[PDB]
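Report on one structure; see the data block that follows.
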Amino acid sequence: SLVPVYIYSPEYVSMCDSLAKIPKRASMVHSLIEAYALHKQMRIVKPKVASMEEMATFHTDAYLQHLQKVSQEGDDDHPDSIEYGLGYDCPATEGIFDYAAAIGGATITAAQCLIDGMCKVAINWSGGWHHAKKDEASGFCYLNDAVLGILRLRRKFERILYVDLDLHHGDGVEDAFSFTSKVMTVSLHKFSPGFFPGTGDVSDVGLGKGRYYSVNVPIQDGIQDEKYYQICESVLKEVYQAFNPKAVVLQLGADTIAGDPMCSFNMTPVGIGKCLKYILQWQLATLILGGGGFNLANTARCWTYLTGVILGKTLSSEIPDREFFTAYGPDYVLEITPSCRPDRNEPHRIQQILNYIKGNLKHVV
Amino acid sequence: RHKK
Ligand SMILES: *Nc1ccc2c(C)cc(=O)oc2c1
Ligand SMILES: [K+]
Ligand SMILES: [K+]
Ligand SMILES: [Zn+2]
């Protein structure tokens, strides 16, 4: 009940490596963690696959059935596929339904471990696919495992706090709980017209009854560890005192990290780690999730470092991975250095957003 | 609908 649970199996990793947008990323992440032998300090739990009924706790049957329809062959000619979000971002590959079921089940499993109290922290670095809607694939996400996990945690915990530190706005998770006060979503993300998914302004606070139970922090390009943590710590301090969560689901997409081809934020795993630490000291049942991350080595770097933070261990600077060693070139170190790119976040705009948010969180009681 |  003090040792973190690590959702892992060779079958699971093999399945997660098959996502066309992040090939072999899951293997790289586990391999680096395995090389630091951090999995020895964690209880490794094999993930179950989500049943149709379990997946249908959020996704509609029409969508799920269309998923397994095009999945049993790899059909890309179905006219209704585009309306179900399938296409460029989410290709109608073969076995994509088993893929979704596997990832969805892994997060449910992690949530189940929290419920049973075999751990306070449960890790699934291959999850956090927060863009998926109830009947629509979106942004590399075919199925919203984050939502399925929050729903499962609600069997035991009354109020769930969702924190989304991915580069992109966690719209799918926000929309799923937009109407309720039992789950509060907090998303820090890049907000600019044309940039996916296009939602998550500071004025988006939820609907009707989930009003002020959705928090969005629009950030611009070039932000670094220091300022990011100050914005994050500020929001989470107000959020915690106001919402008083019984359990936390934390998405940690590494597409904020410097060196990512999307080239927006200028973060290092250290900055994300401080956010992690602030959440961990709440001593609540925490479900750790991955997400974005399109520099594979850096994503492996980040999540391996974060796993070290959770274990309270300091990792050696030298990369000990042998299978994917060359990928960490040319310097082969765990640490990441930010780019020489300007921070387009003026301190007064940030101050405005923090005031707006604080004004919203006063209604939460 | 956007592209990611
Ligand atoms: N949304 C998005 C953006 C960029 C992409 C590249 C460069 C490749 C790809 O396969 O899918 C992408 C999707
Ligand atoms: K986010
Ligand atoms: K909400
Ligand atoms: Zn993302």
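Protein chains in written order, with the deposited numbering: chain A, 13 to 377; chain B, 502 to 505. The C-beta atom is built at its ideal place from N, Cα and C for all residues, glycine as well.
- Task: Please indicate yes or no: does the CB of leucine 179 of chain A lie closer than 6 Å to some heavy atom of ligand 4?
- Result: yes
Discussion item. When you measure from the CB of residue 417 of chain A to every non-hydrogen atom of ligand 4, does any distance come out below 6 Å?
Written reply: No information on residue 417 of chain A is available, as it lies outside the stretch 13 to 377 that chain A covers here.
*asked:* Could you check whether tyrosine 241 of chain A and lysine 289 of chain A sit closer than 7 Å to each other, using their CB atoms as the reference points?
replied: no
Presumed contact (8 Å Cβ cut-off) between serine 150 of chain A and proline 209 of chain A, rounded CB distance:
Under the criterion of beta carbons closer than 8 Å, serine 150 of chain A and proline 209 of chain A qualify as touching, at roughly 7 Å.
Could you check whether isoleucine 235 of chain A and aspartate 355 of chain A sit closer than 7 Å to each other, using their CB atoms as the reference points? yes
Buried or exposed for residue 10 of chain A, going by 16 or more other Cβ atoms inside 10 Å? Since the displayed chain A opens at 13 and closes at 377, residue 10 of chain A lies outside it and no answer follows.
How about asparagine 156 of chain A and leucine 301 of chain A: do their beta carbons lie closer than 7 Å? no
Can you tell me where the alpha helix (DSSP H) with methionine 67 of chain A in it begins and where it stops? 64-67
Measuring only from the beta carbon, is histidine 51 of chain A closer than 6 Å to any heavy atom that is part of ligand 2? no
Next item on the list: Under 7 Å from any heavy atom of ligand 3, by CB: list those residues in chain order, please.
Entry: A/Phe189, A/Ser190, A/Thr192, A/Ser193, A/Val195, A/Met196, A/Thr197, A/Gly218, A/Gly222, A/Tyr225 and A/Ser226
Contact belief for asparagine 310 of chain A with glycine 271 of chain A at Cβ below 8 Å, rounded distance in angstroms
5 Å
| said: Buried or exposed for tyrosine 100 of chain A, going by 16 or more other Cβ atoms inside 10 Å? | reply: exposed
**Asked** Does the Cβ of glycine 182 of chain A lie closer than 6 Å to at least one heavy atom of ligand 2?
**Response** yes
Would DSSP call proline 59 of chain A helix, strand or coil?
coil
**Request:** Just tell me which of A/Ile231, A/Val376 and A/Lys33 has its CA closest to the CA of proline 205 of chain A.
**Result:** A/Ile231
Subject >> Selected residue, minimal CA-CA separation from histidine 375 of chain A, among A/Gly218, A/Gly116, A/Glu238 and A/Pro16 >> reply: A/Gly218
Evaluate the contact criterion for the segment 179-189 of chain A versus the segment 157-165 of chain A: three or more CB pairs, one atom per stretch, below 8 Å. The segment 179-189 of chain A vs the segment 157-165 of chain A: in contact.
| Close Cβ partners of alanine 68 of chain A (< 7 Å) along its chain, the five nearest in sequence each way excluded | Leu76
Open item on the list: By alpha-carbon positions, which one of A/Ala62, A/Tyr48, A/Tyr317 and A/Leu177 ends up nearest to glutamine 124 of chain A?
Closed with: A/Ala62
Leaving out five residues on either side along the sequence, give the residues of the same chain with a beta carbon under 8 Å from the beta carbon of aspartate 216 of chain A. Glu186, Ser226 and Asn228
- [ ] Could you name the residues of the same chain whose beta carbon sits closer than 6 Å to that of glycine 303 of chain A, not counting the 5 residues immediately before and after it, in chain order?
- [x] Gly140, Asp178, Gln263 and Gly265
Beta-bridge pairing of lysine 289 of chain A - partner residues as DSSP gives them: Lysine 289 of chain A pairs with nothing; no bridge assigned.
ask   = At a CB-CB cut-off below 7 Å, which residues of chain B make contact with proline 273 of chain A?
value = Neighbours of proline 273 of chain A on chain B: none; closest Cβ ~13 Å, over 7 Å.
Would you verify that the beta carbon of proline 209 of chain A is, or is not, closer than 7 Å to some beta carbon of chain B?
yes
Whether or not the segment 312-322 of chain A and the segment 330-350 of chain A are in contact is what I'm after, with contact meaning three or more pairs of Cβ atoms, one per stretch, closer than 8 Å; do they touch? Segments in contact, yes.
Task: For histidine 503 of chain B and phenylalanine 207 of chain A, the rounded distance between their alpha carbons - done: 8 Å
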